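In the form deposited in one PDB entry, a lone chain appears below as structure tokens.
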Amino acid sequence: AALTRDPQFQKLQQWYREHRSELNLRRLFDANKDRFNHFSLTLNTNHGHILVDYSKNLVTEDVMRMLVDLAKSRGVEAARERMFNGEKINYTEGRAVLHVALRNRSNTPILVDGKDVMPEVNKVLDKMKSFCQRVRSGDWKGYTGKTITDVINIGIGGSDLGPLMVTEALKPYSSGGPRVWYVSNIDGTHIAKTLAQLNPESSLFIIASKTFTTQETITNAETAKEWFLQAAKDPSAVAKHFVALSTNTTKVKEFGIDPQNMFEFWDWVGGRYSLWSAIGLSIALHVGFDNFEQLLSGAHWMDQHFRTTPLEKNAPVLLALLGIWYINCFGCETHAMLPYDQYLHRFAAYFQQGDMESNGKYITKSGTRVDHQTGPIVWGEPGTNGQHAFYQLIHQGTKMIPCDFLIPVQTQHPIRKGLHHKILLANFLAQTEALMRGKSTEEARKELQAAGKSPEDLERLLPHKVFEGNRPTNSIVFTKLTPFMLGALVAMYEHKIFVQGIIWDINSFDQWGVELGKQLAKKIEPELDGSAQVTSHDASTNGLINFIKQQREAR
């Protein structure tokens, strides 16, 4: 595979083999009072600052130089320029990759097949702006003349997670917007418990699907339409309550949707990179189009940082390189994302798709199987909740787990004269400090002596109180979680994922790994009907089906 043959990767591996044991964070900070200055970035966006503090990582200046040289050798800059120039870097599908065009606020031309995409991007943005104004102002009325109070996004995967994450994160910016709901699961619970809380006269459904043929989304859409028509009766009323994020005019019109309420996007918009497109309509309806434009502007700011900053000071690049170090040298399977912000409670889940569906790959550009690890398992929960759930294992288990800790300096809810946010910040800071410093046997012994423990009780408890430390983290601190700053943060991680994929020589922008499950599910569906025993699969699948059929009519 390309990475394993790269001379700069081999140099990194040799250094790791020879020097792993000198990487102790306590000793590194004790020997370099300037370590924070050397291993951190501060970004002024003009709409808030971002501090990316990567100094609590198991790195030295030589490691960082070797990592930057790996990015150079692996062609990160040339690949970045191909993306931004509209070249077909999604090579298995033969497609451009242009989520950066969706937020290209400068309107500099970006050509695909010799034709600028920016007029089409802006035409859809203009359509979104108009529609948002009409819905939010009460100009758009339902079939009985009432204004829209609830917007229901129906979609799966990329059509769901991004809009949900963003409307959750930007909830304070939604005064004057309708409530938003997200239905994604095919499990009938999801639509059924949603519809039970809604009034058909005042509900607007957004059906998010390029093809308008996606099974789960279209089944949910058909269930919603049947519920709506049970109240409204008139098929012509559907066009007041259903819009589409799609390009299938024929199917959208067949569904009962006015084709002037189809909001288009393009094949170079990957679903897991799509919240910046028409797929973000529910964001713009909830927080307003002006705030949606701020979100796009933040992403655009970070796109420029990624383009113009030397690799050695380029935030997405450094985040990516640190991840390569832990994955391909230390062997860490996972990466935890730990935002100390309840509004960001769905941020880790969003990057589960963005990161894992992008880089959970094993075939390289040349068709050759990787002989190294690729993308990690991403997971996490907001702090301080996660601190009371699973940090026991991060501190005192047997796993090395790189963690990104994120927090805004300024809270959206400065209640109690700032007391809650003060405590939140103190925990944010203390947890990374604790992971780095640990607590030695001698330190824990002193504490036990002071508590008045007998010699026997002390020796018995002492090892359990030791924290080995040396557990690395990134801390990402930003002035305030505004629409613009959220866009910059999401884009930062998008480009991190991109850089990692280039280094691994995989395609971050396809997803062939989803096909086999879809094919097998289509074969099983018809076999579940009827009482006949199924014998057409392996013995486990058959046994499971036959148990399902037996238990179907158990009271």
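If you superpose the two forms and keep the largest set of C-alpha atoms that fall within 1.5 Å, you have the rigid core. In case it trips you up, residue 1 is the first one in the sequence shown, and so on.
Legend entry - Mean temperature factor over C-alpha atoms, higher-scoring stretch between 102-110 and 289-297: Result: 102-110.
Legend entry - 209-217 or 324-332, whichever carries the higher mean Cα B-factor: Looking at the record's C-alpha B-factors, the answer is 209-217.
Legend entry - Residue with maximal Cα B-factor (values as given in the PDB entry) among 246, 432, 203, 410: The record points to 246.
Legend entry - Peak C-alpha temperature factor (PDB record), options 479, 149, 137, 274: Comparing C-alpha B-factors across 479, 149, 137, 274, the top value belongs to 137.
Legend entry - Where the record places residue 542 (Cα B-factor, split into thirds across the chain): Within its chain, residue 542 is a lowest-third residue by C-alpha B-factor, going by the deposited values.
Legend entry - Within-chain third of residue 526 by Cα B-factor, per the entry: According to the entry, residue 526 has a C-alpha B-factor in the chain's highest third.
Inset, instruction - Tell me, lowest, middle or highest third: where does the Cα B factor of residue 505 rank within its chain? - result: Within its chain, residue 505 is a middle-third residue by C-alpha B-factor, going by the deposited values.
Inset, instruction - Just say lowest, middle or highest third for the CA B-factor of residue 514 relative to the other modelled residues in its chain. - result: According to the entry, residue 514 has a C-alpha B-factor in the chain's highest third.
Inset, instruction - Comparing against every modelled residue in the chain, figure out the third that the C-alpha B-factor of residue 96 lands in (lowest, middle or highest). - result: As the PDB entry reports it, the C-alpha B-factor of residue 96 lands in the middle third of its chain.
Another form, the form deposited in another entry, is not on view; read the next lines as being about it.
Inset, instruction - Please find the residue from 250, 85, 304, 410 showing a Cα shift of 2 angstroms or more between this form and the one not shown, rigid core superposed. - result: So the residue whose C-alpha moves 2 Å or more is 250.
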